[PDB]
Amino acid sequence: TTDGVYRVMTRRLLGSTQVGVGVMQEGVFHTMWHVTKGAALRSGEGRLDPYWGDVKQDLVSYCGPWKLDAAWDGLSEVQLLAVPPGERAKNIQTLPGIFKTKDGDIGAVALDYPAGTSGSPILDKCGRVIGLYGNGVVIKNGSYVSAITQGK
């Protein structure tokens, strides 16, 4: 439970499969709901039980309430700390676009990674996590745009 970015794995029959990614911060593990479907996790500290979650936000936290409070400033470039299955963690910089909804704008990143990259953190220049990657839409040419999803 040391601070950092973690892969979320499932053990299956022969070998493990990476289904997602999450962030440990202030003793709480943060990931996207569709990665774990809100089920318990094993860790070196023992079993992590779900504490908070919200299917509409597609988020879940373990061991405590959602701790990530930083937000995109609406202006600056951001970095996806992509942790793709079978690949080393890698930073990719981008200027977000915008998801325009009836209730307001959400920053969004036009970066396309494997499904198991879900939950990878998006950072501001201070290194604060401003959201998690992986809840998005497929646009007309088949490429992908992810919301910058932050716990409300």
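The first residue of the sequence shown is number 1, and the count goes up from there. What we label the rigid core is the largest C-alpha set whose atoms superpose within 1.5 Å from one form to the other.
Comparing 116-124 with 45-53 in 4 other deposited structures of this protein, after superposition on the rigid core, the stretch with the greater RMS C-alpha deviation is 45-53. Superposing each structure in 4 other deposited structures of this protein on the rigid core shows that the farther-lying of 22-30 and 36-44, by root-mean-square Cα distance, is 36-44.
Mean CA temperature factor is higher for 88-96 when stretches 111-119 and 88-96 are set side by side in the entry.
When the C-alpha B-factors of 124-132 and 6-14 are averaged, 6-14 comes out higher.
You'll see in the entry that, of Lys102, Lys56, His34, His30, the Cα B factor peaks at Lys102. Among the modelled residues of its chain, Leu80 has a C-alpha B-factor that falls in the lowest third according to the deposited record. Sorting the modelled residues of the chain by their CA temperature factor places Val60 in the lowest third.
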